[PDB]
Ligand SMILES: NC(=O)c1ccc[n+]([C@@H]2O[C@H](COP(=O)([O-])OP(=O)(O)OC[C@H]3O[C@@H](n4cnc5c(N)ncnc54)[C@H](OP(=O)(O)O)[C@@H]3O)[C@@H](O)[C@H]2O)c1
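Below you'll find only one chain, the form deposited without this ligand, shown as structure tokens.
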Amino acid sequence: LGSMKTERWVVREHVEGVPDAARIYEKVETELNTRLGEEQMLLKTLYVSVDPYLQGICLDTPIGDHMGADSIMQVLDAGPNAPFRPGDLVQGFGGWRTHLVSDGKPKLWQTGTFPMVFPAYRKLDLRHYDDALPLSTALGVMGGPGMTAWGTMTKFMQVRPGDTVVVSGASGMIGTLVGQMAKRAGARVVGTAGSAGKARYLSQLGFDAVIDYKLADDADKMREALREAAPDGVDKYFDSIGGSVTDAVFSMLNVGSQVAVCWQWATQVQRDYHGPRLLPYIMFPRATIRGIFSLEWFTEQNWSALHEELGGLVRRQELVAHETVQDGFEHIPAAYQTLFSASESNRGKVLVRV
């Protein structure tokens, strides 16, 4: 009973290290079959997310396939057993496509290095959103990024007044949310950043020290910087970088410290695959290291708690949660490219309104 033309950004070439998006991605026109199975729905993309972790998804994405990503979609149509009905707004891993057919169920990431199952699509309730907390925050402080930061700080890390908290990769939205929440819990907060502008932004956000990870050239330099920045050692480490900065942090962990491992930029992007062994350092401190994969927290109860507990703080300017919303489906790969550019006009979460 039907088809429609759509556009997709597909993976044309696997390129290691820092992405060249113009070479990796190609925009194609794709005829989408619109006849829905029983549980299927036809969705229209409204916003897509661009995130540094897409660098790894992309390398694991079969050539010719669309680029997966977090997105906000609108149900255009729905078969008889669909979880949502036309007009519903939903958040799921819809990707860099203007339109798609999906049943919304959890779905195994077959070609992944780790056999991940993307979560079932979730329904957005528009009453949560207005001009101080727009719908796009469902891909940011009210979505994946916010759930990652809020989940780590309320379900694993137990920040206590007087703790020293280090946040690597603090310039991105997840780490700025973590530093701020840690500051709110009485902690001294040490961040890392890639430029002096980023460094200045973090301190105006409440970070007590900001190490320029340009020094990563020398572990000893980095360790010195950290020792000075954290003269009493490190109680909590929120890690998005790995590499020489995490090496340094593990040499100065205090007793009972907690390390949350969220991403490893230096290994994934910069190909740092070999280095000092870190497990010898956690023994005497009785440190706890936990991998973060915040899809495990995608439950109705958590989205309610996240909205009540965090939405208030954002709306009343207690929590800074910045978004850079770019325009147009054709500009998705360019907006993604800005994430890896040292030249930084990117405050917080970069998104694309389609």
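All residue numbers are counted from 1 along the displayed sequence.
One more form of this protein, solved in complex with this ligand, exists but is not displayed; see below.
With the partner left out here, this ligand still marks one of 82 to 90, 180 to 188, 249 to 257, 236 to 244 in the deposited bound form; by a 4.5 Å heavy atom cut-off that stretch is 236 to 244. Though the partner is left out of this view, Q270 does reach within 4.5 Å of this ligand in the deposited bound form, counting heavy atoms only. In the deposited bound form, this ligand lies within 4.5 Å of some heavy atom of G175.
In the deposited bound form, this ligand sits within 4.5 Å of a heavy atom belonging to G169. Proximity of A193 to this ligand in the deposited bound form: non-hydrogen atoms within 4.5 Å are present. Annotation: in the deposited bound form, residues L124, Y129 and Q301 none come within 4.5 Å of this ligand through any heavy atom. In terms of contact with this ligand in the deposited bound form, the residue from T30, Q326, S294, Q40 that brings a heavy atom within 4.5 Å is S294. Distance criterion of 4.5 Å from any heavy atom to this ligand in the deposited bound form singles out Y213 from the list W96, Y213, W150, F207. Along 262 to 278, residues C262, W263, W265, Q270 each place a heavy atom within 4.5 Å of this ligand in the deposited bound form.
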